[PDB]
Structure formats: structure tokens, C-alpha cells
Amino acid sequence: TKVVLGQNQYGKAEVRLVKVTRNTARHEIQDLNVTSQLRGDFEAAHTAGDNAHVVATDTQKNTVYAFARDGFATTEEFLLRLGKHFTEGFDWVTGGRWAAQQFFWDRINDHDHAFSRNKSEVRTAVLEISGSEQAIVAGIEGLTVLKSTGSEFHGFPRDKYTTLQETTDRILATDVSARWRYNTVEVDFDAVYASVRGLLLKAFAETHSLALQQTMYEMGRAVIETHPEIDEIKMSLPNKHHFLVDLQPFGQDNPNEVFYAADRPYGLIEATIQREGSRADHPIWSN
């Protein structure tokens, strides 16, 4: 009977931007995939189609490029400028969500202006503004890692649907997806990103895994213990199964050497590791 407009947001998604810094002959590249969405009083736009408050998504797009001209120190700094502009430049806009994927490039043999894409990982940044409050979540994704040994899985319950054999030596492969929330905007974003990445990789490799859950816990612990500016880190790790192929039918044995890497299904272990006392239901995780 009675319908009500609830949470809503709109903007331009996936604006691909490449910013070349060329004041000197030593060029620099910043490659981003930017998304901008605004929140506020858009009631009339939905109920009546009145666009008085609707800053065109095309305009949001143009702004991204116009602002890039001035350059930016980091992806987070760029998003902060965009969010401030939209929330303060329009009275009916009270907040929003600005996000970006950053793609890395490497110089070709140290060339001044020739590069090749480093596709081994994608960096992410998300900024959410709510009234006078703002929060930033940085992250990494697409980083595939694997341990050929030093992984075990045993001691799990065995019901009538259990057939998995316990093992003290298996491959542990996953795609590192992690996002962490800063408790302050005054951060050396690039330095922390590189640090976290290294801590996650180190924790994954050096931890004698008794379960993906434990490896993940150790990865998150390393981050929280190293960075006071991070209140929590969320990780989503798939267990990309590498099955030890049965070679007995061919008169052979398989001493943990030949594996079939299955696409699906895959285990999916996810968890939030946080600083004792910190918030557990921050709105930025709602998207």
C-alpha cells in the first residue's frame, strides 16, 4: 500500500583515467578506474522525476578529469578532493561514496617514458562521506599466492557426509583479497599500502598452516599489530583446490608432485580481524 524511498545513491561508474606526469623527461603514470556516487536529498528525482538536485553523472565524470589535471599525490588524496567538492559544492548532497582501482605499471628497462603493466595485483581505495564524517578503506586484490608444502588439514569432524581424508601435506593456494579501514585520514597511503602488502605476503608464506582460517588470522594480526592507523582488516580467501592426481592406475605413484587445479567449486574463507575495542559495524562496509 504505502511505499517509501529508502537508501539511494547515483553517479558515474568506472571512469578510466590515466594521468601522465611529465614536467621532466622522467615520466610517471597513474592509472585509475574511478567511480563516483552521491547521497542526499534526491526524493523528488525518484517520485516525480524532478532533476533539480540531480548533478548529471556526465558532470561527475567531467569533474574527475578536470581535477586530475592538477595531479594528485595518491589515489586516496584524489578521492578526498572529489568527495569534498561534491558534498560542499551542493547543499542537497550530504555525502557519497567514491572508489577507485589503481593499476600498476613498470618501466621497460628503466626507460623514461615506456612502460608495461604489472597485472599481478590491483590496489583499491574507497572513501565514504556522511555529513561531517568520512572514512577511508584501502585494499588489494587479484594477488594469487601458493605454498607447495607447509600446509595441513586434519582433526575436522566427520559426519555421514564427510569423505575428505586428513592430510599433513597439501598445496595451499588462494587469491589475496583484503580491505582495511583507517581510523584517520592523516596517513602515508602509499607507504602503508606497500607495508600491508608485504605483511600479508609474509604471514601467508611463513605461517605453518593448520587451516586457511589460521593463515588468514595470522595475516590480519600482522597488519593490526604493525599499523596503529588501521582499526580493522577484512579478508576473503578462496581455497583454490589443487588435487593430487591418482596415478596408481598407470602403475605410478604421486609424491605430492602432480596436481589438477580445479576452477570450481572452491572453499571460501572470510573474516574480519580487528583492534580490540574498535567498531564492528561501520557503514562503509555496506556499499
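Start at 1 with the first residue shown and count on from there.
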**Request:** Using the B-factors recorded in the PDB entry, average over the C-alpha atoms of 88 to 96 and of 119 to 127, then report which stretch comes out higher.
**Result:** 88 to 96
**Asked** As stated in the PDB record, which stretch has the larger average Cα B-factor, 110 to 118 or 183 to 191?
**Response** 183 to 191
**Item:** Highest-ranked of 102, 132, 215, 174 once sorted by CA temperature factor in the record
**Value:** 132
**Complete:** From 48, 66, 262, 235, the top C-alpha temperature factor is at 48
**Message:** Can you tell me whether residue 139 has a C-alpha B-factor in the lowest, middle or highest third compared with the other modelled residues of the same chain?
**Reply:** lowest
**Request:** Relative to the other modelled residues of the same chain, rank the CA B-factor of residue 41 and answer lowest, middle or highest third.
**Result:** highest
**Request:** Divide the modelled residues of the chain into thirds by Cα B-factor and specify which third, lowest, middle or highest, holds residue 57.
**Result:** middle
**Message:** Considering every modelled residue of the chain and its Cα B-factor in the PDB entry, is residue 227 in the lowest, middle or highest third?
**Reply:** highest
**Request:** Would you mind checking where the Cα B-factor of residue 170 ranks among the modelled residues of its chain, as the lowest, middle or highest third?
**Result:** lowest
